[PDB]
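Here is the structure we will look at.
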Amino acid sequence: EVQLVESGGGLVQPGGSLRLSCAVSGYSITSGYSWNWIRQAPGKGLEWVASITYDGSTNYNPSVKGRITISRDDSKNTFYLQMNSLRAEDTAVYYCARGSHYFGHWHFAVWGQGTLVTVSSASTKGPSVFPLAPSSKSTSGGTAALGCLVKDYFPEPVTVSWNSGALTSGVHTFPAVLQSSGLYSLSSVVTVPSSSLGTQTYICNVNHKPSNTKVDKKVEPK
Amino acid sequence: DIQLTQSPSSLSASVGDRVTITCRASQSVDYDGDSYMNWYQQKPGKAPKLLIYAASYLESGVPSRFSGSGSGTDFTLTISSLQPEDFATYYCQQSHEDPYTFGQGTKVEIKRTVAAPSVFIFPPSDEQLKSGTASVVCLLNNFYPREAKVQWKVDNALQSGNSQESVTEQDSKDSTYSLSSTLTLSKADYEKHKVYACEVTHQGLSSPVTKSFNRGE
């Protein structure tokens with residue numbers, strides 16, 4: 001299967017520049033009709049910003065034309081987005097996407113996973129990870145809730161898994177909130193059988209790539 | 001630019017019901033016998049997924065309950081029978097001319113029967129207290145509808161302005177929501193009080209539910 005994987009997201013200062021890449025696997029980049037960047041500001045809609053077709057012609061949305069460049073490296077099977085003079089309006093998830101050889105070309109059947117660019121003057125800060133221990137006050141029937149609090153980090157995002165991805169049922173990872181301090185906080189909880197607390201280990205795996213902070217936190221009854 | 005306006009911007013529908021979303025373009029997207037309108041489905045945390053291209057063609061692998069119609073400036077996406085996995089924001093997109101533009105998005109949720117939350121409360125950890133701050137967390141699990149009210153009380157004083165909350169997307173497994181609320185206090189304030197309570201009001205509860213603990217015990 002063709003897979004598109006973006007890299008280059010993270011924190012950029014206002015007036016700085018971003019450089020994103022999309023590595024294409026399972027498919028030769030020279031065979032695509034077009035390769036594209038489309039972005040989505042937090043909680044807003046989708047904006048196409050740039051395309052490069054198979055003959056190398058480029059095109060840009062006039063909303064950003066003048067400070068954006070798209071390019072390809074066929075030998076690395078990768079294409080790139082460069083933008084400069086960044087402003088708060090440019091904070092967004094940036095997606096790469098493939099156009100079609102058919103039916104007018106400019107619709108997008110294959111997309112990457114998106115990478116978040118945050119334009120801000122603030123500093124990177126990695127999170128503290130605290131346990132939300134199961135107890136009598138987090139039990140309903142023979143079900144217990146436990147979790148991890150991922151507190152005081154910047155910028156987004158953080159990922160959380162449980163037991164290295166082996167535990168997915170009953171997991172709820174909540175959207176982060178922005179505190180008045182300017183730092184994010186989020187929680188991830190899981191409900192599990194009360195009878196498993198003595199015998200099953202529960203570890204939350206936190207990763208804040210912007211600060212290269214990885215934490216594995218074992219959560220147990222207090 | 002061609003501007004696309006979707007209607008409605010959000011809807012809630014019983015499971016299995018027919019759902020219709022419309023898109024109106026500021027100028028025609030017709031060309032030579034085809035209509036260059038496309039539809040996408042975006043689930044939380046995911047890239048959009050193409051459903052319909054050239055106004056009425058179903059993308060490979062997409063379930064046949066999705067269909068598109070229309071021409072000129074007026075287009076419809078129909079879900080013939082809404083399924084629990086269909087919670088998403090749906091976008092139209094014209095490919096008639098650059099810049100390619102998308103509608104603003106229509107949010108779709110499944111209207112299921114009322115379900116009251118399970119409520120759980122977590123005191124601050126001793127690890128956090130070491131650092132000078134105390135976070136108290138209240139979890140409302142697996143409830144419907146999304147509207148819920150959480151009130152924090154500390155020794156029976158209503159707390160206002162020192163908590164934040166967050167809600168998950170609708171879970172397609174049972175069409176429910178969950179919600180987390182965090183009360184933040186200084187360690188010194190936390191150690192000055194005894195009873196910590198989160199009081200929950202919701203359509204599924206005939207009276208409010210309070211979960212509480214006593215600091216220490």
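Each chain in the structure tokens gets a letter, A, B and so on, in the order shown; residues start at 1 in every chain, and ligands are counted from 1 in the order they appear.
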Residue hits in chain A, query chain B, radius 8 Å, only C-alpha atoms, as a PyMOL selection string: chain A and resi 44-49+60-62+95+103-114+130-134+137-140+145+172-177+187
The selected residues should be written to file as a compact mmCIF listing (two decimals), in the first residue's frame (atoms: N, CA, C and O atoms).
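result.txt, written as the output of this step:
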# COMPACT_ATOMS: atom_id res chain seq x y z
N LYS A 44 -10.59 24.36 12.73
CA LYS A 44 -11.11 25.04 11.54
C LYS A 44 -11.10 24.05 10.37
O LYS A 44 -10.87 22.85 10.54
N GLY A 45 -11.39 24.54 9.18
CA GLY A 45 -11.52 23.69 8.00
C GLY A 45 -10.21 23.48 7.28
O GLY A 45 -9.12 23.69 7.83
N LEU A 46 -10.31 23.10 6.01
CA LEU A 46 -9.17 22.68 5.22
C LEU A 46 -8.82 23.74 4.18
O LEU A 46 -9.71 24.35 3.58
N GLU A 47 -7.52 23.97 3.99
CA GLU A 47 -7.04 24.93 3.00
C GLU A 47 -5.95 24.27 2.16
O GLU A 47 -4.86 23.98 2.67
N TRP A 48 -6.20 24.09 0.85
CA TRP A 48 -5.15 23.63 -0.03
C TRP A 48 -4.14 24.77 -0.19
O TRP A 48 -4.53 25.92 -0.41
N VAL A 49 -2.84 24.48 -0.08
CA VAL A 49 -1.87 25.55 -0.25
C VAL A 49 -0.91 25.35 -1.40
O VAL A 49 -0.40 26.35 -1.92
N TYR A 60 0.35 27.50 -6.27
CA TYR A 60 0.18 27.92 -4.89
C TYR A 60 -1.16 28.63 -4.70
O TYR A 60 -1.67 29.32 -5.59
N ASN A 61 -1.74 28.46 -3.52
CA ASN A 61 -2.89 29.26 -3.14
C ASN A 61 -2.46 30.72 -2.99
O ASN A 61 -1.47 30.99 -2.30
N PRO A 62 -3.14 31.67 -3.63
CA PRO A 62 -2.77 33.09 -3.47
C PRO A 62 -2.82 33.57 -2.03
O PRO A 62 -2.17 34.57 -1.71
N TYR A 95 -0.99 18.54 6.03
CA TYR A 95 -1.13 17.22 5.45
C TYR A 95 -0.50 17.21 4.08
O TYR A 95 -0.62 18.19 3.34
N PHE A 103 -10.58 12.02 -13.68
CA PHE A 103 -11.74 12.74 -13.16
C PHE A 103 -11.39 14.16 -12.68
O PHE A 103 -11.89 14.64 -11.66
N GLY A 104 -10.55 14.85 -13.45
CA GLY A 104 -10.25 16.24 -13.14
C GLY A 104 -9.07 16.44 -12.20
O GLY A 104 -8.74 17.60 -11.89
N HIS A 105 -8.45 15.36 -11.71
CA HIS A 105 -7.18 15.39 -10.98
C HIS A 105 -7.21 15.91 -9.56
O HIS A 105 -6.50 15.38 -8.70
N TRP A 106 -7.93 17.00 -9.29
CA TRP A 106 -7.60 17.77 -8.09
C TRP A 106 -8.53 17.41 -6.92
O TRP A 106 -9.06 18.24 -6.22
N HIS A 107 -8.69 16.12 -6.71
CA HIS A 107 -9.27 15.59 -5.48
C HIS A 107 -8.29 14.56 -4.91
O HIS A 107 -7.44 14.01 -5.63
N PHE A 108 -8.39 14.28 -3.62
CA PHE A 108 -7.24 13.71 -2.90
C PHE A 108 -7.65 12.42 -2.20
O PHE A 108 -8.28 12.46 -1.14
N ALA A 109 -7.27 11.30 -2.78
CA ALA A 109 -7.66 10.00 -2.25
C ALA A 109 -6.67 9.46 -1.22
O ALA A 109 -7.04 8.58 -0.43
N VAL A 110 -5.44 9.96 -1.23
CA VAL A 110 -4.39 9.43 -0.37
C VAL A 110 -3.79 10.60 0.40
O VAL A 110 -3.34 11.58 -0.22
N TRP A 111 -3.74 10.48 1.74
CA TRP A 111 -3.27 11.55 2.60
C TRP A 111 -2.24 11.01 3.60
O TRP A 111 -2.23 9.83 3.95
N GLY A 112 -1.35 11.88 4.04
CA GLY A 112 -0.50 11.56 5.16
C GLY A 112 -1.25 11.64 6.48
O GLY A 112 -2.48 11.71 6.52
N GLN A 113 -0.49 11.59 7.59
CA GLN A 113 -1.16 11.62 8.88
C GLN A 113 -1.27 13.02 9.44
O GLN A 113 -1.96 13.22 10.44
N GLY A 114 -0.59 13.99 8.85
CA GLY A 114 -0.65 15.35 9.35
C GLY A 114 0.47 15.59 10.34
O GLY A 114 0.87 14.71 11.09
N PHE A 130 1.90 12.46 36.01
CA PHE A 130 1.49 12.02 37.34
C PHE A 130 0.46 10.90 37.25
O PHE A 130 -0.34 10.87 36.29
N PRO A 131 0.44 9.98 38.21
CA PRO A 131 -0.57 8.91 38.19
C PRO A 131 -1.93 9.40 38.66
O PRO A 131 -2.05 10.26 39.54
N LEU A 132 -2.97 8.83 38.05
CA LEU A 132 -4.35 8.86 38.55
C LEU A 132 -4.60 7.44 39.05
O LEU A 132 -5.02 6.56 38.29
N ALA A 133 -4.32 7.22 40.33
CA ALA A 133 -4.35 5.87 40.91
C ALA A 133 -5.78 5.35 41.04
O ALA A 133 -6.68 6.10 41.41
N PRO A 134 -6.03 4.08 40.73
CA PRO A 134 -7.35 3.50 41.01
C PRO A 134 -7.55 3.43 42.51
O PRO A 134 -6.60 3.20 43.26
N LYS A 137 -12.69 5.23 45.26
CA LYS A 137 -13.39 6.39 44.70
C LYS A 137 -13.34 6.45 43.17
O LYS A 137 -13.89 7.40 42.56
N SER A 138 -12.69 5.48 42.54
CA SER A 138 -12.65 5.35 41.09
C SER A 138 -13.10 3.95 40.68
O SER A 138 -12.62 3.38 39.70
N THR A 139 -14.07 3.40 41.42
CA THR A 139 -14.65 2.09 41.17
C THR A 139 -16.17 2.19 40.99
O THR A 139 -16.84 2.91 41.73
N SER A 140 -16.69 1.48 39.99
CA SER A 140 -18.13 1.37 39.75
C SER A 140 -18.39 -0.09 39.40
O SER A 140 -17.90 -0.58 38.38
N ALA A 145 -11.33 2.78 37.35
CA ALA A 145 -10.71 3.72 36.43
C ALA A 145 -9.36 4.13 37.00
O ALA A 145 -9.20 4.32 38.22
N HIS A 172 -9.54 6.32 27.22
CA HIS A 172 -10.03 7.61 26.75
C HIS A 172 -8.91 8.59 26.99
O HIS A 172 -8.58 8.87 28.16
N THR A 173 -8.32 9.12 25.92
CA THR A 173 -7.32 10.17 26.03
C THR A 173 -7.99 11.47 25.66
O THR A 173 -8.52 11.60 24.56
N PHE A 174 -8.01 12.39 26.56
CA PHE A 174 -8.79 13.61 26.38
C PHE A 174 -7.99 14.66 25.62
O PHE A 174 -6.75 14.69 25.71
N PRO A 175 -8.70 15.54 24.91
CA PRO A 175 -8.02 16.68 24.26
C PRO A 175 -7.33 17.52 25.32
O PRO A 175 -7.85 17.72 26.42
N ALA A 176 -6.16 18.04 24.97
CA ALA A 176 -5.44 18.86 25.94
C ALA A 176 -6.17 20.17 26.11
O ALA A 176 -6.90 20.61 25.22
N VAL A 177 -6.01 20.77 27.29
CA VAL A 177 -6.50 22.11 27.56
C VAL A 177 -5.29 23.00 27.71
O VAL A 177 -4.26 22.57 28.23
N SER A 187 -5.25 14.52 30.17
CA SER A 187 -5.32 13.29 30.92
C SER A 187 -5.71 12.14 29.99
O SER A 187 -6.37 12.33 28.97
All alpha helix (DSSP H) positions in region 3-204 of chain B, as a PyMOL selection string: chain B and resi 126-129+187-192
Go ahead and write the residues just picked, C-alpha atoms, as an mmCIF file, in the first residue's frame.
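Done, and the output landed in result_24.cif:
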data_model
loop_
_atom_site.group_PDB
_atom_site.id
_atom_site.type_symbol
_atom_site.label_atom_id
_atom_site.label_comp_id
_atom_site.auth_asym_id
_atom_site.auth_seq_id
_atom_site.Cartn_x
_atom_site.Cartn_y
_atom_site.Cartn_z
ATOM 1 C CA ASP B 126 2.042 12.652 46.272
ATOM 2 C CA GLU B 127 4.530 13.111 43.411
ATOM 3 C CA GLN B 128 2.678 16.207 42.223
ATOM 4 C CA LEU B 129 2.233 17.618 45.728
ATOM 5 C CA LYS B 187 -0.407 22.631 47.511
ATOM 6 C CA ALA B 188 -0.797 25.017 50.448
ATOM 7 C CA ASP B 189 -4.484 25.526 49.661
ATOM 8 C CA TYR B 190 -4.991 21.801 49.107
ATOM 9 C CA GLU B 191 -3.479 21.035 52.498
ATOM 10 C CA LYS B 192 -5.736 23.648 54.138
#
Non-local contacts of region 193-202 of chain A (10 Å; only C-alpha atoms; under 2 positions in same chain excluded) as a list in words: residues 134, 135, 136, 138, 139, 140, 141, 142, 143, 144, 145, 146, 147, 162, 163, 164, 167, 190, 191, 204, 205, 216, 217, 218, 219, 220 and 221 of chain A
List every residue of region 98-206 of chain A that DSSP, applied to the backbone of this structure, assigns to strand (DSSP E), and report them as a PyMOL selection string. chain A and resi 98+110-111+115-119+128-132+139-140+143-153+159-162+171-173+177-178+184-193+203-206
How many Å separate CA of residue 64 (chain B) from CA of residue 25 (chain A)? 29.2 Å
Find, counting only C-alpha atoms, the residue in A:3, A:86, A:92, A:8 that gets nearest to residue 39 (chain A). A:92
Hey, which of A:69, A:189, A:121, A:99 ends up closest to residue 19 (chain A)? Count only C-alpha atoms.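 Between A:69, A:189, A:121, A:99, the residue approaching residue 19 (chain A) most closely is A:69.
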Excluding residue 78 (chain B) and residues on its chain fewer than 3 positions from it, collect all residues at most 7 Å away from it, counting only C-alpha atoms, and give them as an MDAnalysis selection string. chainID B and resid 19:21 66:68
